[PDB]
Structures are given as C-alpha cells and as structure tokens.
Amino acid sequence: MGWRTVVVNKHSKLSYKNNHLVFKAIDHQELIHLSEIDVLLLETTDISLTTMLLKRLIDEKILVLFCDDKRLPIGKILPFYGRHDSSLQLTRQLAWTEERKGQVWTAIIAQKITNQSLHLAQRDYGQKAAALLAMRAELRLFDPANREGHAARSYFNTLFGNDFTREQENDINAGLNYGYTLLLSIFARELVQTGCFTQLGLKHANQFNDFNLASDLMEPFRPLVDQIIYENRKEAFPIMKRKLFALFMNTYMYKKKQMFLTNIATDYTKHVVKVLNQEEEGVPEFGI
C-alpha cells in the first residue's frame, strides 16, 4: 500500500522527481519513492515544497500534516476527489436515514467504552472497568443521558487522578490532543477515499467543525492513544510525541488478523459506510 511515515524538521526544500519525493537539506540529501510513503509530517516552519509535489502527494493516498511554530499539528490536506466516482457515494451518504445513523453511531460509542474499560482493567482497576461496562449496558440511541461523558470522566479521573480535568493545559492533555488529531486525520483520509463528506457527522452535521464524521468514526481508537500517553504520562511532551508514532509502526488484532493500523482503518471505515448505505448489517468491531 504505502508504509513509511516521513517526518521533516530541518530547514529544507521538498520537490518531486521520477515518482520520488525529493528532500534537499544543505549538506544532506534523500530521495524516497512515493509508493512507499504513508504519511508526510512537516514539523517545522523552515520547509519549502512544490505544487507538483503536493499534486503527486495527493495522487497517492498520502496523508500530509502541517505544523505550528511550536511543532503542533494545525492542519491537514483534504482532497476533493478520493475516487473515480466521488459523486456516487455522496448521494448515498445523503440518503442516510436518521434512525440508522443512530444505531451505527451508538454501536461505535459502545466500542469506545468497551475499550475504555479494557484499558482500565489493564492498569489493575478491575472495578472501574466493570463500572464502565455498566454505563455501557444502560444506554439508548444518541446517548441522550450522556453516558459516554460519565464513563469518560471516571476514565480520566481513575487514570490520572480525581483532580485531573481534561480541560487543563498540561503535558498530558497536549499528548492526548496530538494523539487524537493523528487518529482523526487517518479516518478523514479513508473517508474521502471511500467518497464521503467528513463534515456531516452522524449526530452533529457540520455545526462546529468540518471533521465531524471522522471524529465519530475514530472514537473506538482513542484508548490506543491513551495507553501510550499513560505509559509516558510523566514524560515531557516531545517524548510523548515520538512514542505516539508507535501507532503506525505497530499491529493490532482487528479481525482474526494482526494488521497494521492504516490498513485496519481502511477496512473498518469501508464496512461502516456499507452499513450506513444499508449494503450490510453488522458493524465492524475494534477491541484493544
């Protein structure tokens, strides 16, 4: 497919040649075939690149990410035309029933909380894990009594202590935030390629933001981030960053197959959309 995650943080010019990304720094120089690449992170603000490069970077499924003066992701590239037949899949998205949207969205959120408990069980909180499975059991379509929220609170208060918020500006929240951004970008990409709008979320249309549908889809994968970051909870933020990249390096038990992560999200996303078009019943499941 493409496997590399290429990260740039040196004053440099990026270009295209013969199917290769071209990296020039002053002394050093590298070429890398695009077929191999899965992600381009531009960390720094001292980087030059060509429009042609971008075209070709888009032509391949390559996720490009852009960064702040402080090396934080501020944005991504969003291609319009993820298929030969973008239009076909858009009309189906619009034909998506309110009721189905609910069933599916709620199925996903179920997975979110299952994975949240399993993470708690992994850190020796035998009882809070169980307490979360209760919250799960006792919910209905579009989580009207915000049980997703009640699980999430005891999740973060058990992990990082009863005085932690998730609103406070610390090295932990930065870490999860960075982590979370990453995951959203994956699903953003896979959605487009599938032929969908990311703005039109299952619960919220693009009321507040343009990546609602991806934010809805990624929910079951957050605990992956939470694991890493917890394991490095007391490390300084830049350490947390490098540790997160694990997500791409690693494999996870998805469907009786140990698969890489982007490849998971491809199949996962597709089989979700298939349900929303009502091409199938069942929903993909993901379990940490």
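Residue numbers here begin at 1 and follow the sequence given.
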Higher-scoring stretch by recorded Cα B factor average, 278 to 286 or 1 to 9: 278 to 286
Between 74 to 82 and 150 to 158 (mean CA B-factor, as deposited), the higher: 150 to 158
From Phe187, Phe211, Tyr178, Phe208, residue of greatest CA B-factor: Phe208
Identity of residue with top Cα B-factor, from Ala110, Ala95, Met218, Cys196: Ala110
Entry-reported Cα temperature factor of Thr91, expressed as the chain third it lands in: highest
Within-chain third of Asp69 by Cα B-factor, per the entry: highest
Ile37 by Cα B-factor - lowest, middle or highest third of the modelled chain: lowest
B-factor third for the C-alpha atom of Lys243 within its chain: lowest
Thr114 - Cα temperature factor, lowest/middle/highest third of chain: middle
